[PDB]
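Just so you know, the protein sequences line up as chains P, O, N, Q, S, U and T, in that order. The opening position of the first sequence corresponds to residue 2 in the deposited numbering, with each subsequent residue numbered one higher. The opening position of the second sequence corresponds to residue 2 in the deposited numbering, with each subsequent residue numbered one higher. The opening position of the third sequence corresponds to residue 2 in the deposited numbering, with each subsequent residue numbered one higher. The opening position of the fourth sequence corresponds to residue 2 in the deposited numbering, with each subsequent residue numbered one higher. The opening position of the fifth sequence corresponds to residue 3 in the deposited numbering, with each subsequent residue numbered one higher. The opening position of the sixth sequence corresponds to residue 3 in the deposited numbering, with each subsequent residue numbered one higher. The opening position of the seventh sequence corresponds to residue 3 in the deposited numbering, with each subsequent residue numbered one higher. Have a look at the structure below, then the notes.
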Amino acid sequence: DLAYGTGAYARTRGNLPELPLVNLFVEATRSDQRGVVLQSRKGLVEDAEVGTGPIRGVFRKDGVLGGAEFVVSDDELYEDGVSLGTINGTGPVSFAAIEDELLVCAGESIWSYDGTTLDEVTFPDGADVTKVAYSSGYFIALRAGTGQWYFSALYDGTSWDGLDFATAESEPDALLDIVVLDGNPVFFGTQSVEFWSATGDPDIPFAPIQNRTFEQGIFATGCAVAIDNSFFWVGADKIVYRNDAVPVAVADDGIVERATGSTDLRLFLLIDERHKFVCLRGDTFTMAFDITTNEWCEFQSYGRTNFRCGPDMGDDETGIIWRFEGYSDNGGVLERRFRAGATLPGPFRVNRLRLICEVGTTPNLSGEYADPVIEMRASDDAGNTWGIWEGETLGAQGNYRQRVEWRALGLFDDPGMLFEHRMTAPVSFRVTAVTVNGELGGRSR
Amino acid sequence: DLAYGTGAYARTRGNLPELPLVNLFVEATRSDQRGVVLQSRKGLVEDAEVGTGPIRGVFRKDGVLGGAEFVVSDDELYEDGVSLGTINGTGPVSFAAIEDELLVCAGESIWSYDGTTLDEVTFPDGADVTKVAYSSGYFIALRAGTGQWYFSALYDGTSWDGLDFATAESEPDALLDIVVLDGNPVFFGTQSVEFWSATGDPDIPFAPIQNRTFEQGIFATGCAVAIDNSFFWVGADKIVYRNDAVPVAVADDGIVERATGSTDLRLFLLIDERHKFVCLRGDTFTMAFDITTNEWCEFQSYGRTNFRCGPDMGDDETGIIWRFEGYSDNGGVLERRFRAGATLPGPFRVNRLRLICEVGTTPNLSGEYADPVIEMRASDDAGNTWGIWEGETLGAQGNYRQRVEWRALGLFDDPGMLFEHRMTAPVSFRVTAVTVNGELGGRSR
Amino acid sequence: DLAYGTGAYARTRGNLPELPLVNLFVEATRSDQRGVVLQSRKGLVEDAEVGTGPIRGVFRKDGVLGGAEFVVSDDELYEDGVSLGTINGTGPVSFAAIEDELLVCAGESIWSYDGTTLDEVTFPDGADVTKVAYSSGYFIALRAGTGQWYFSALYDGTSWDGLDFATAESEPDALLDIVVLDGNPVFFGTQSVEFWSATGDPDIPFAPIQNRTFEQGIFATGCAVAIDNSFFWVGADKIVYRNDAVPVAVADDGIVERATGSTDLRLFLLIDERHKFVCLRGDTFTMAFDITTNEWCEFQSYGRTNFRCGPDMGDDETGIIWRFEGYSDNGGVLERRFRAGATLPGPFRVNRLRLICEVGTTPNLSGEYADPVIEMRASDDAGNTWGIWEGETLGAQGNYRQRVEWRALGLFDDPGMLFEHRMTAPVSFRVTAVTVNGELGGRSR
Amino acid sequence: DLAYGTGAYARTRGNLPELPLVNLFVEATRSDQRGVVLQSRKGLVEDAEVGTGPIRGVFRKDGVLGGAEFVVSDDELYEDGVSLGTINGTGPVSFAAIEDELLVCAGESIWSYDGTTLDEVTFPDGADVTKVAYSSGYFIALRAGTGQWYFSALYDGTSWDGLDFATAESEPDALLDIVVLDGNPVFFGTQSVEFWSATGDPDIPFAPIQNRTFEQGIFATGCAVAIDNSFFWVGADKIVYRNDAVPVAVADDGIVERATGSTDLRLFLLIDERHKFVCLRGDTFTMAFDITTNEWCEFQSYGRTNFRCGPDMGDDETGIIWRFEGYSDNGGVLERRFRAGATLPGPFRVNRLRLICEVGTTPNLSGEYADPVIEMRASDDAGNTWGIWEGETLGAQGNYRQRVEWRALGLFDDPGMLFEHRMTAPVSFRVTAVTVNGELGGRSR
Amino acid sequence: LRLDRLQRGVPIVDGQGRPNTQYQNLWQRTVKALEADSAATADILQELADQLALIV
Amino acid sequence: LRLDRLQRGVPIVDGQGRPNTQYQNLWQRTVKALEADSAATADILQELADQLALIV
Amino acid sequence: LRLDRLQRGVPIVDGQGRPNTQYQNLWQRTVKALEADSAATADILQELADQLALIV
């Protein structure tokens with residue numbers, strides 16, 4: 002039995018062997034003695050086409066403004082597929098909504114929509130607002146370049162007072178993000194993380210919770226996500242931290258090494274039926290951390306340098322909103338790649354390689370993908386140099402008794418053996434186990 | 002010794018093997034060395050036939066109005082089988098009663114009954130009420146479509162003031178449900194869960210518990226119950242959560258997968274002698290989570306697409322109230338199905354499959370059920386394709402030494418073996434163990 | 002070595018094998034390596050014959066009214082064998098006494114005694130009183146049928162004021178029991194349990210402790226006892242609960258199954274030298290839960306459908322007071338029954354069954370009980386059908402080397418073996434261990 | 002499988018064997034079954050040439066004065082390479098900055114820069130200031146030789162009042178250091194550590210936290226750093242302590258031995274991708290405690306008696322600021338040395354010594370380093386006397402299957418065997434394991 | 003609501019050190035009483051200054 | 003009499019989460035001070051109303 | 003300045019039962035407010051005795 006990489010571990014420092022997990026994530030199961038399996042992420046299909054440019058943010062609340070959607074395609078605002086106006090700003094888009102009023106921030110200005118028209122919100126001193134949030138009946142706006150944050154009127158976001166502001170005393174530099182945790186605001190600056198709580202006093206509505214700050218400030222705007230009564234944020238050292246009694250670095254050495262090579266990082270949310278993926282997106286990667294299994298994985302899109310689905314299921318190049326359905330990425334090819342290997346203290350002959358996986362589940366009876374092809378390649382020098390791809394079939398529809406066997410391979414030595422498996426068919430795929438030199442029995446499979 | 006499925010794990014993603022548990026639940030025992038035994042759920046027997054329509058709610062409190070039978074059939078209210086009037090509303094029915102007043106809410110309006118006449122309760126602004134509860138001498142009513150709740154006067158549910166109102170600040174959308182935990186009201190909205198307590202003040206009767214909220218919401222009204230000084234609720238992500246310092250997802254991947262396939266979910270309660278079942282009911286399934294054993298089981302009714310028993314022991318089609326009695330389901334049959342299997346590394350020969358179970362306990366001596374038949378069906382491709390059912394006899398009345406055995410089941414290769422056992426006789430059933438290739442026989446039996 | 006049933010586990014649902022323990026309880030010991038032994042309860046001996054009807058309650062306090070005992074016989078109060086008056090009420094009898102006054106409640110009215118005469122206490126509105134108690138210098142009386150509890154004056158139970166009442170706001174139905182835990186009253190209602198604390202304020206002497214209520218109510222009056230800074234009470238679902246941070250169900254499935262078959266349940270207390278038994282008494286059973294060992298046992302009386310001794314060492318078809326002494330029940334026969342069994346995967350040959358127990362400790366030299374007889378029977382169908390009793394002798398006085406052995410038991414197949422041992426002598430008895438197929442070879446025993 | 006030293010343990014007392022770790026640190030990994038590997042530190046490459054003397058402090062805050070570089074080369078202040086003025090000498094340099102004010106202290110006086118000119122700040126009584134910090138809107142300064150510390154006005158560093166001072170009562174000697182932890186100042190003196198918190202009162206801004214002090218003082222000024230929601234300090238007994246409810250000594254016996262032999266100690270912090278090194282620097286050594294792995298390593302620069310990089314990544318005798326890249330230490334040689342071995346009860350024959358390390362990853366193809374040389378040197382008398390270095394090749398570029406193995410080491414005896422491995426090439430290096438008497442296999446490597 | 007005492011056999015802290023609902027809400031009541039009575043004292047000071055000004 | 007403060011190295015909670023005697027009694031003292039102070043404030047209000055009446 | 007409430011997910015107690023810095027300082031602030039408010043109440047009583055005589 003070979004142990005596969007349960008999490009994406011690609012550490013280029015030290016030339017350590019890499020175990021990349023592409024479009025596959027570990028999920029606990031009860032039907033297997035091992036208890037865990039590798040399952041494929043669902044493909045992306047077009048839920049709706051809105052706008053022309055990249056989607057900067059999608060907002061959808063059933064109880065807000067009749068449940069209509071709000072999408073910031075490029076620099077315009079669209080509601081129910083109808084353009085409302087032009088939005089100025091180049092940063093990440095933040096939404097803050099109440100029963101009848103919606104506020105949109107793009108990095109420099111605040112815009113208000115109440116179901117009638119879109120109007121620019123007059124801000125004190127005409128300053129730029131990094132992002133806008135809502136908490137305990139108030140609207141919180143972070144002024145760009147300063148450590149002071151303003152709060153609007155009670156259930157009113159179009160009236161901002163110059164004296165209605167509070168300053169993060171312990172932070173001598175500008176704030177960058179806000180997260181509403183436990184109904185209270187949490188401020189992420191470049192140097193510290195501050196906890197504030199509502200007071201119920203109209204004069205001073207929010208007060209800072211003393212003796213609790215984290216010196217690992219946020220890296221940039223939009224790098225904090227609130228999940229499961231906690232939050233995950235990218236620190237100033239390009240390290241992902243989770244909120245606890247003392248913050249813990251949930252990102253291993255490989256994740257931090259990959260992040261350090263990227264200039265822009267964005268932390269957002271991906272939702273599967275029971276899986277919550279904290280997705281960190283860089284220039285050329287998009288790595289998702291699953292909190293249910295506490296494990297990292299990598300999402301990739303075929304033919305592109307980065308995953309198509311961005312924050313809020315928005316395409317990063319076109320105006321397509323994506324949703325998880327089927328196993329075809331935009332009707333194309335979905336790639337699932339993983340590695341299984343072992344370290345050997347001496348010579349080891351490999352006669353069979355069995356891949357206990359799912360078979361005979363193809364929805365296509367004819368065509369190119371009637372018999373899907375899964376390829377394997379072997380390496381002895383810790384994955385540095387690889388052999389040719391040898392491909393087998395997962396069996397046609399109904400061939401549930403299919404053996405995924407790659408038998409007769411040669412000798413492996415001190416560095417160890419590493420086999421890479423890749424599947425590029427738009428059908429379901431699940432990996433249960435990988436074994437070497439199994440028993441040869443059978444019954445007319 | 003084969004390992005059977007202690008819980009209902011039917012996950013179709015990745016074509017994982019399924020271990021359905023129909024009408025059987027795991028219970029701890031002291032007699033055997035394993036300490037776990039599968040027991041049959043008791044059958045449903047009619048207790049009262051009231052109303053020519055589906056039963057929406059049943060109320061019984063001995064100290065309230067003399068302990069009368071207050072039930073709600075289609076557009077109808079019944080007291081001890083006597084109609085009191087017509088109730089308007091198409092949502093779940095909620096009751097709130099004190100020594101001499103009973104308030105019923107069907108999702109549209111509030112109806113008051115004092116033992117003499119059934120009246121409609123006037124509400125501020127003539128709005129619609131989703132849920133009505135009682136807490137610390139006050140009657141709480143959630144306004145439909147808004148995040149506001151109104152509290153009545155002291156022990157008077159017919160007097161509601163337009164100023165007696167409170168708003169859930171942490172959640173800007175509308176509230177959906179309310180439970181009473183430890184004598185205090187807990188409010189479930191679409192985006193947050195709020196804790197409130199009665200701070201002894203007549204002018205302000207309830208105040209929120211600061212810095213204690215859950216970022217998860219509630220799927221819909223009626224999806225929250227309370228058993229062990231704690232509450233279970235279906236989150237906005239179709240995941241069942243248990244109350245704790247940090248809510249825990251007590252629903253596994255298969256349960257959430259089945260829930261996501263249903264457009265309507267209802268959480269209610271079932272009571273067995275010691276077992277507390279939190280029952281999540283969809284359009285085509287009914288999964289009961291056992292509080293004592295922390296395991297999921299499936300309840301089905303023969304000839305129906307869903308379990309007949311709904312909330313408060315009420316039938317979903319006819320005005321019959323059910324009560325766990327015997328095993329006969331409405332005078333019909335009761336299906337008890339389970340699976341026992343194993344994963345194999347190579348070839349394996351199954352000479353004998355023995356089922357250590359309940360035998361010789363049939364109350365019938367002359368009918369077709371004088372000797373019940375239990376059918377076993379074997380599969381080699383992880384349950385995808387099955388063989389023909391083979392029947393065994395559980396023994397006549399008094400045959401306590403009957404052996405349930407299947408011989409010469411063949412050879413099972415790599416993917417593993419899976420045997421499904423189904424018993425559809427209206428007599429008591431119990432499964433202790435499943436053994437493969439056991440020792441040979443002893444004395445005469 | 003055979004593992005005998007350490008606790009009474011008789012579950013008739015599913016026809017599980019039963020291991021009933023009669024008049025025997027598990028006690029930890031240091032003499033033997035196994036650590037635990039089975040000890041027989043002492044017999045019932047004369048202590049006082051008071052009245053004619055059943056003893057509904059016995060009160061004894063050295064510092065109260067000179068230390069004279071107060072016994073409630075059929076409709077009659079007695080002090081030192083002298084009747085004091087006819088008491089009204091068919092409910093459980095409750096006593097509340099201070100150094101100069103005793104209050105007796107029979108479920109309908111309160112009676113006061115002060116060493117001179119017995120009188121009826123004038124209660125507000127002439128309402129029926131469920132039960133009375135004493136706490137922190139006040140007398141508490143629960144109004145029958147309502148959720149009202151009244152408190153008397155300071156150290157005086159004859160003056161009750163109508164306005165001196167308090168309510169359980171979180172409980173809209175009637176209260177049923179009170180327990181004085183840690184100087185403070187705890188109220189058991191049908192649907193909730195409330196914690197109250199004494200206050201130094203004389204206008205309001207008691208205040209409810211917020212955020213600590215158990216929704217498991219009480220079955221009926223007299224179903225709550227206090228041991229070792231905790232309390233045990235029967236819930237509304239006929240489940241025995243022990244007070245903790247969260248109430249814990251100390252009764253397994255068998256106890257609740259037996260309880261549900263009984264209409265009336267009474268929870269009272271029995272005391273051995275170190276063993277504090279919380280005894281649940283039903284229509285046809287009496288089962289004691291041991292505090293020290295956290296295990297259950299059955300108490301039985303020969304020739305009667307239930308244990309002869311009830312609450313406060315009082316009888317039900319007589320007026321004799323019972324005390325624990327010797328090993329003869331009312332000078333008659335004391336029965337000790339237990340079972341030792343094992344489950345087998347195949348055939349097993351039992352040649353010798355040894356019972357390491359008490360031998361040669363009989364107090365009688367002549368007579369019928371000079372050589373006590375212990376009988377054993379065997380069952381191969383998990384106790385459904387038994388063989389003929391085979392009797393051995395425990396040895397005469399001084400035969401401390403006597404061996405309790407049964408030879409040539411035979412062969413036992415798949416379902417397992419179960420041996421039931423019964424002794425019915427008024428002599429002492431204790432079981433140390435049961436062994437199967439022991440080693441031969443002794444020395445002139 | 003030889004066990005190598007995971008941390009620098011050089012204890013000269015008792016002539017214990019020494020296990021130095023030079024330019025290598027333990028890093029946890031997931032690819033290897035052993036979990037941990039030895040990773041090389043990155044080489045120093047010049048980033049900016051500022052001044053003509055040793056760097057005393059480097060300040061770079063993006064939100065302060067446009068994110069300019071403030072460097073203290075010797076006794077001069079430089080802004081982005083432009084001289085600003087002359088600063089006082091001997092004492093270590095401390096910075097305290099806000100959005101428009103920057104205070105620099107050098108142990109004698111305070112200098113203020115507001116973006117226009119550098120002005121000396123007049124201190125009360127003309128006393129000397131040792132340390133300057135910023136906390137909760139105030140500027141804190143330590144008067145030299147006294148146990149009282151002064152605080153300035155709100156957001157103003159040039160306004161110090163003689164009456165705005167607070168004294169540490171529990172420490173009668175002078176204070177030496179300040180650490181801003183959790184937004185509050187912590188004062189390190191020669192005899193105690195004081196915790197102070199901002200109370201928000203304008204007249205008295207800071208109050209001490211009573212019943213929270215550490216009896217261990219600080220060795221000197223600049224020996225306290227803050228990281229990971231805690232602080233590290235050097236006690237008066239030259240032992241490194243971590244902050245906790247009870248401070249722990251993270252320095253072992255060897256670390257204290259090295260510290261005691263030096264007269265000057267400086268504690269600073271170094272950052273690698275995921276590694277936070279608390280670096281303690283003496284006159285002839287520079288050790289680093291890893292936060293993530295809790296292990297001590299040693300950093301050295303070739304040709305110099307101590308590590309080149311001082312506090313704030315500045316050179317110790319030249320005006321060069323360093324950065325970590327390419328393992329080419331200033332264009333020279335980066336030495337990596339470590340020791341493996343084991344103790345033996347008797348004779349032991351070593352025939353092969355294999356090193357699982359980096360192979361074929363050199364970026365040089367025409368230079369003397371096209372093939373790097375790693376030298377092993379063996380010892381039998383616990384490392385006291387050593388043999389001749391024997392060199393092996395790590396392989397040319399692309400040779401990923403190179404075997405780094407010595408041959409026929411010989412007989413070793415009771416004291417044990419100790420092998421020292423040293424590589425001095427400017428290439429990446431990593432050690433996974435050291436194996437003794439490995440299996441003799443292979444395939445055309 | 004009268005401020006409640008701490009019960010001997012009741013835990014106010016969970017397994018991981020967090021405070022439970024009962025202790026959290028009890029602390030909330032105590033702090034609310036602090037703020038309310040401090041506001042009452044401030045009002046007493048203000049109205050007493052008014053009394054000194056106007057009456058004497 | 004004086005309200006003590008929590009010590010750094012003194013535990014206020016037991017292994018199972020229950021409060022010990024010291025912390026329980028200290029909280030008792032704090033809450034008793036709360037109630038006494040509130041009663042004093044109520045007496046201040048009553049006597050101040052009486053003062054207003056008598057000066058008027 | 004303002005007395006803070008106890009957070010749901012923040013532990014106020016360490017592993018061994020000792021109170022952490024945050025809870026210790028919160029208790030310090032609460033007790034300091036107690037002493038300050040009690041001193042204010044005593045001053046109110048004393049000056050009320052002074053002024054009960056002043057107006058008369």
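Cβ atoms here follow ideal geometry from the backbone N, Cα and C, with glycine treated the same way.
Problem - Of the residues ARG350/P, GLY44/P, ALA29/P and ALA9/P, the one placed nearest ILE322/P, counting alpha carbons only - result: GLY44/P
Exercise for the section: Pull up the distance between the alpha-carbon of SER32/P and that of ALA341/P, whole angstroms please. Expected result: 22 Å
Handout entry: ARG267/P: CB within 7 Å of a non-hydrogen atom of the ligand ADP
Key = By its list of ligands, the structure shown contains no ligand whatsoever, and the ligand ADP lies outside what it can speak to.
Problem - Short CB-CB distance (under 8 Å) between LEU28/T and chain O - result: Residue-level contact by beta carbon fails for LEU28/T and chain O, as no gap is shorter than 8 Å.
Practice task
Spell out whether any CB of chain S is found under 8 Å from the CB atom of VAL33/T.
Solution key: no
Exercise for the section: Put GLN149/P into one of helix, strand or coil per three-state DSSP. Expected result: Strand.
Handout entry: Below-8 Å beta-carbon distance, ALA169/Q vs any chain T residue
Key = no
Handout entry: Identity of the residue in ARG267/O, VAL46/O, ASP2/O and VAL226/O nearest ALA134/O by Cα
Key = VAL226/O
Practice task
For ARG20/S, decide whether its Cβ has a neighbour in chain O, counting only Cβ atoms nearer than 8 Å.
Solution key: Output row for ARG20/S: interface = yes.
Handout entry: Top-ranked residue by Cα proximity to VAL15/U, from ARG20/T, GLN9/T, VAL33/T and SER40/T
Key = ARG20/T
Exercise for the section: Ignore the nearest five residues each way along the sequence and tell me which others in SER302/P's own chain have a CB closer than 7 Å to its CB. Expected result: Here the set comprises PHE308, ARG309 and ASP330.
Exercise for the section: Could you tell me whether the region 258-271 of chain P touches the region 205-216 of chain P, using the rule of 3 or more Cβ pairs below 8 Å? Expected result: no
Handout entry: Spatial distance of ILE99/Q from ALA35/S (CA atoms)
Key = 38 Å
Handout entry: Proximal chain S residues relative to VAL15/T, where beta-carbon distance stays under 7 Å
Key = Near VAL15/T (Cβ distances below 7 Å), the residues of chain S are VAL15 and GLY19.
Problem - Whole alpha helix (DSSP H) elements within the region 151-219 of chain P, 4-residue minimum - result: Counting only runs of 4 or more, we get nothing.
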